[PDB]
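In structure tokens, one chain follows: the form deposited in one PDB entry.
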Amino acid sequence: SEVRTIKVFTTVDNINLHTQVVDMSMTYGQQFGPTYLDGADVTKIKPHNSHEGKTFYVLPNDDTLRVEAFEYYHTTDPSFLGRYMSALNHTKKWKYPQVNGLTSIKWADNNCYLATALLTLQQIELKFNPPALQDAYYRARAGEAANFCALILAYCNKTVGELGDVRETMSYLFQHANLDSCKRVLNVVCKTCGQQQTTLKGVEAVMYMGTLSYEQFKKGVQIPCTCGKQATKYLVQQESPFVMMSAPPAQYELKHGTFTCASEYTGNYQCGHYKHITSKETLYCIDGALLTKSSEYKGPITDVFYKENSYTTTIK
């Protein structure tokens, strides 16, 4: 029969909108290629009357859109938008309650580790490079974290419903944050082999696997030396706003005011449950929407975060 149209906007970044005219007889797919509205796939759907003036997301099919996409997300992975939108379709349905003055996530689709990562980021000093993470993270801090979670999932190449590692998640995010000015100096000491000194910049300057205790890392930790005689690695100098100390879950006692926040993991490798412990006027345990408060804490801790500016050892 007749040809009806509506006006809509197409975007890759929801910053630069592009006025398009669509035909209400043809599917979005046929006219634009893959097309999303609020993360919902509409490729196979014909325009509705209500669609007038709404913003749709499309894949970058021309060079103008490729520049706009790369500038915003800092990636040229063709699958990225599809994944960002697939995630978003789920993450818009999650509830983000304000818990202890911080945005959490009400438990759903094994998001316990995203919730824990989100509560953590709010407590440490981080500047993201991708304008996509800068923007979503600002809105997350406000209670509006639907997009930030969908982006974490997209960057970390994760499915909705699949349980993630908080330390793997955080590493990925730190790869997309400005940490150029972060600097760590380690000394490794043997009885024979002598004192070797290394310097670590960026992600490797703020992350350590093998001890939870920041104080222990400064005193010294035992490591298997190449020679075969256990050597002592100790921290000589740290320049970072924070440090992340990680180790495989173990009964650990956390004391008020000796740490910033910690990741509790109960259960078995890849199928457990995450809780967030934070240190304020007392110890808070944030379990999605659920909050409890205690003087003391012992439990299976796997990540502890500490605030820092400049530490310099007095050793030697």
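Start at 1 with the first residue shown and count on from there.
What comes next is about the form deposited with a partner chain bound, which does not appear here.
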item	value
The partner chain in the deposited complex: contacting segment from 250 to 258, 28 to 36, 48 to 56, 63 to 71, heavy atom within 4.5 Å	63 to 71
Heavy atom within 4.5 Å of the partner chain in the deposited complex - the one residue of 213, 123, 159, 129 that qualifies	129
Interface residue in the deposited complex among 197, 76, 192, 98, criterion: non-hydrogen atom within 4.5 angstroms of the partner chain	76
